[PDB]
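In the numbering used here, the protein residues as written are 1 to 295.
In what follows, a structure is listed as structure tokens, so that the remarks can point back to it.
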Ligand SMILES: COCCNS(=O)(=O)c1ccc(Nc2nccc(-c3sc(=O)n(C)c3C)n2)cc1
């Protein structure tokens, strides 16, 4: 801090508070995240975070500076003016126009393609972490912070962390999950943009899993070899039949439903990569429209 002048709270992220702040030399407005340290700050968290300062991409919220003092760490991010949650709320009556949904999905997949080529995972994608600007860009925020620490189930703020976007392999207690978890979260967000309702609004871990199962079918060894040996899998899970995607995300067109199906494959190895998603036929007519943002 010290060179920074708080102007308002824009989020109680999972790791700390997030303020809009004005840099008191350069005059730049930034998003300041005070990170809430367990005792001190692990040096490995510091080296983990430092590598992020280099992971720069048009679709990743730029980390400007990391600033360390005793039991407070600060991350200084470029400031964007709105998150996708708020923009989706704002768009609730008419929905986001599909061309703009498509552009946002395409850009994010580009972001994810980049991170994953550097072996960096987000692990916690959600509409609150997807930030937009007036020029039609969308960016991944709060990014690779999960590996740097871990994610508590209860943030310092006593708001519950959302499970709505969590890949099934995480929920079934796999320890060493992959990039494919981010593809899953992004498909849940795609679906939500299209339908204007959360796809799997779980309010505990088993409600979340049983919501996935109801829509997609209870997974078995036919669709997900190895599933039945995962740490939190129980042979006593109820066996639901799969619903059709025509019912899940109307009125998404066939290309979009086919891409979404690949993003939502149970087996993280059959799940489409970000890079392969970019070549899907759904992005043959991609464009970059301007949102109607009300700031
Ligand atoms: C009433 O409005 C409250 C809803 N939040 S909001 O207004 O849409 C919003 C406004 C601005 C921002 N800006 C912003 N810019 C850069 C980074 C961030 C975030 S969001 C997040 O979780 N982190 C860690 C960061 C750095 N936020 C984020 C959210």
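For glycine and all other residues, C-beta sits at the position ideal for the given N, C-alpha and C.
- As a beta-bridge residue in DSSP terms, residue 77 pairs with 31 and 63.
- Taking 6 Å as the cut-off, one finds at least one heavy atom of ligand 1 near enough to the beta carbon of residue 82.
- Annotated three-state conformation of residue 19 is strand, per DSSP.
- Here the distance from the Cβ of residue 10 to the nearest heavy atom of ligand 1 is below 6 Å.
- Exclusion of residue 182 from the 6 Å shell around ligand 1 follows from its C-beta lying no nearer than that to any non-hydrogen atom of the ligand.
- Cα atoms of residue 207 and residue 266: separation of roughly 17 Å, rounded to the nearest angstrom.
- Residues 188, 191 and 192 of the same chain have their beta carbon placed closer than 7 Å to that of residue 199, with the five preceding and five following residues left out of the count.
- Each residue's CA atom was taken as its position, placing residue 293 and residue 134 some 6 Å apart.
- Residues 141 and 142 of the same chain have their beta carbon placed closer than 6 Å to that of residue 129, with the five preceding and five following residues left out of the count.
- Taken atom to atom, the span from the alpha-carbon of residue 92 to that of residue 162 is near 20 Å.
- Between the alpha carbons of residue 50 and residue 101 lies a distance of about 32 Å.
- The C-alpha of residue 139 is placed about 11 Å away from the C-alpha of residue 82.
- The residue among 234, 227, 264 and 231 with its C-alpha nearest the C-alpha of residue 245 is 264.
- Between the region 73 to 81 and the region 30 to 49, the count of Cβ pairs shorter than 8 Å is three or higher; the stretches touch.
- In this structure, the C-beta of residue 79 approaches ligand 1 to less than 6 Å from one of its heavy atoms.
- Around the beta-carbon of residue 117, fewer than 16 other beta-carbon atoms lie within 10 Å, marking it exposed.
- At least one heavy atom of ligand 1 lies closer than 6 Å to the C-beta of residue 86.
- Listed as beta-bridge partners of residue 69 by DSSP are 72.
- Between residue 15 and residue 6, the gap from beta carbon to beta carbon reaches 7 Å or more.
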